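Written below as structure tokens is the structure these notes are about.
Residue numbering restarts at 1 for every chain, and letters A, B, ... go by the order of the sequence lines. Any value given below was found using the heavy atoms of this structure, including those in side chains, with hydrogens, waters and symmetry copies removed.
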Amino acid sequence: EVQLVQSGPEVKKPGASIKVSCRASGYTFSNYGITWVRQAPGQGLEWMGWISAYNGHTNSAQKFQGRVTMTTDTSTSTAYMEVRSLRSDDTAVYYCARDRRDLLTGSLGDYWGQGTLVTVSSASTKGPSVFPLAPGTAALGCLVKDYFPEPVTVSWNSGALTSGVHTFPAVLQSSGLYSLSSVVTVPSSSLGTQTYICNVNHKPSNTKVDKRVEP
Amino acid sequence: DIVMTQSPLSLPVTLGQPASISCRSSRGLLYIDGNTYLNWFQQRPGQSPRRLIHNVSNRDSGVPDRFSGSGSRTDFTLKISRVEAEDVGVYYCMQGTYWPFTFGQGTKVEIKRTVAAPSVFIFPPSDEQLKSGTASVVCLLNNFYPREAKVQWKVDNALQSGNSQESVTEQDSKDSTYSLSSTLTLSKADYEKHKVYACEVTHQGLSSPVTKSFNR
């Protein structure tokens, strides 16, 4: 099977430059090209540009022609996109997709990478504060507040509690820090008899916090 | 640039029933090789896009038979013969004829279910958070349908504006409902000079708005 594997997440101050990679397997890399597409939070897909791994030709959308440089390395079957002078609205998931070798065909886009999250912000990496949302059916939860960048993962009772769990999409606060809640609905009769612990993992800061949630 | 427009932008479909998505291009999409490069992409929640249809009508190899496509050079249709829960997600058309390639705005397909009013819960700020000088008050609207809901915060009967943020989950792939959080953020000083905190919820499933409140 064809597979495109992209580099890991990036967290950058505005103005920085980055180089993202996309390694191809399962086909002759140099018989094709690579397209790059991004998706900003809450928005649709935006085409960025294209490079041929056969003849090295490139084209880009006008808004990127000055800041983006695409290259390939046929010896490693890898495509690279350099993005200079990052702005906060470059925050997005960046995708590579297998595309046409030259202009004799139109676009392919038939296999996509898993995406690379790139966050651009003046904020500094910071793990969350975790606060209890204290409770026939009751609700309880954890407020996972003031962290940066995305993402956090939340489990309940180390994964034993999944029924009824809702972990909300993060919101960006005016502080430039993210916040979300994770909630679960449970029987009122379980509150004085059972334990509820939220497990909050924030890989970008390598922090983990467990929080007991009491009535 | 080619302008690509999709309709509808939101498409609730009864489970098992057919659905149709329209895409229109501002130029005809016939390329210099005699093919029309109109592709349809499906983006399921939390996933990368995947190509379902290429060149208007051609199913990609690993694509169920329920997806099909047709169109003139400027007006295109993606059809799902019977919508499954696993088809929930955003569908994008893309023209691949004139670079810069451009996408439609996306059509969100969701499962249409019976109207379900939300269960409403309110959470005061924890003592732990108050110590650090901030108060978050959280209102939870759980397991409701359709997605449209209104949350109004009242602090000592005063309607609030500008100091709350909302978030809504993806449609639940089992009961077809949504949940929503509304979070009111105040300084600890402002929180402590008021008594009653209430979130008022209006939804198609409620004959009258429901209010959940607590007294400091």
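- Within 6.0 Å of CZ in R84(A) there are more than 12 heavy atoms belonging to other residues, nucleotides or ligands.
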| message | Show, in sequence, the C-alpha distance, side-chain angles and deciding distance for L180(B) and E166(B), and conclude whether the side chain to side chain contact (heavy atoms under 4.5 Å, CB included) test is met. | response | CA-CA 7 Å; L180(B) 178 152; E166(B) 280 79 28; 4.1 Å; yes
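- Paired with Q95(B) under the rule side chain to side chain donor-acceptor pair (under 3.5 Å), one option of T36(B), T102(B), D1(B) passes, and it is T102(B).
- In this structure, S25(B) contributes its side chain and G28(B) its backbone to no donor-acceptor pair below 3.5 Å.
- Listed for the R67(A) side chain is a donor-acceptor partner under 3.5 Å among the backbone atoms of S85(A).
- Side-chain atoms of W47(A) and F103(B), non-hydrogen and from C-beta on, do get closer than 4.5 Å to each other.
- No side-chain heavy atom of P18(B) sits less than 4.5 Å from a side-chain heavy atom of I80(B).
- Between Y54(A) and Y32(A), the distance from one ring center to the other does not fall under 6.0 angstrom.
- A heavy-atom distance below 4.5 Å is found between the side chains of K145(A) and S136(B).
- The two atoms that bring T74(A) and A53(A) nearest to each other are CG2-O, 4.2 Å, heavy atoms only.
- Under the 3.5 Å distance criterion, the side-chain polar atoms of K211(A) are left unmatched by any main-chain donor or acceptor of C142(A).
- Taking the six-membered ring for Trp and thresholds of 30 and 60 degrees, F121(B) and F123(B) have nearly parallel ring planes, at less than 30 degrees apart.
- Taking the charged nitrogens against the carboxylate oxygens, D175(B) and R113(B) have no contact shorter than 4.0 Å, which rules out a salt bridge.
- For NZ of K208(A), the number of neighbouring non-hydrogen atoms (other residues, nucleotides, ligands) closer than 6.0 Å is greater than 12.
- Although no hydrogens or angles enter the test, the distance criterion places no donor-acceptor pair under 3.5 Å between the side chain of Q43(B) and the main chain of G106(B).
- Between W112(A) and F41(B), the ring centre distance stays below 6.0 Å.
- A salt bridge links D90(A) with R38(A): the closest approach of a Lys/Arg side-chain nitrogen to an acidic carboxylate oxygen falls below 4.0 angstrom.
- For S121(A) (side chain) and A123(A) (main-chain N/O), a donor-acceptor pair under 3.5 Å exists by modelled atom type.
- Heavy-atom contacts from other residues, nucleotides or ligands closer than 6.0 Å to NZ of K126(A) number more than 12.
- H202(A) contributes a side-chain N or O that, together with a main-chain N or O of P149(A), makes up a donor-acceptor pair within less than 3.5 Å.
- One N or O on the side chain of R100(A) and one on the backbone of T105(A) form a donor-acceptor pair closer than 3.5 Å.
- Classification of the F144(B)-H203(B) ring pair by plane angle, with boundaries at 30° and 60°, yields perpendicular.
- Two residues are said to be in side-chain contact when any heavy atoms from C-beta on lie closer than 4.5 Å; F67(B) and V63(B) meet this criterion.
- A donor-acceptor pair under 3.5 Å is formed between the side chain of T116(A) and the backbone N or O of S7(A).
- Ionic pairing of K203(A) and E150(A) is not present here: no N-O contact between side-chain nitrogen and carboxylate oxygen is shorter than 4.0 angstrom.
- At most 12 non-hydrogen atoms from other residues, nucleotides or ligands lie less than 6.0 angstrom from CZ of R147(B).
- Within 6.0 Å of CD on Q204(B) lie no more than 12 heavy atoms contributed by other residues, nucleotides or ligands.
- When the options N142(B), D172(B), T169(B) are evaluated for a side chain to side chain donor-acceptor pair (under 3.5 Å) with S179(B), the one that passes is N142(B).
- Contact detail for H54(B) and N39(B): the closest heavy-atom pair is CA-OD1, 3.2 Å.
- Here the side chain of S182(A) pairs no donor or acceptor atom with the backbone of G141(A) at under 3.5 angstrom.
- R98(A) forms a cation-pi arrangement with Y27(A), by the criterion of a distance under 6.0 Å to the ring centre and an angle within 45° of the ring axis.
- We find that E170(B) and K108(B) are joined by a salt bridge, their nearest charged nitrogen and carboxylate oxygen being less than 4.0 Å apart.
- No donor-acceptor pair under 3.5 Å is formed between the side chain of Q165(B) and the backbone N or O of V171(A).
- At a threshold of 4.5 Å between non-hydrogen side-chain atoms, the residues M70(A) and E82(A) do not count as touching.
- With a 6.0 Å radius and a threshold of 12 heavy atoms from other residues, nucleotides or ligands, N206(A) has its CG atom above the threshold.
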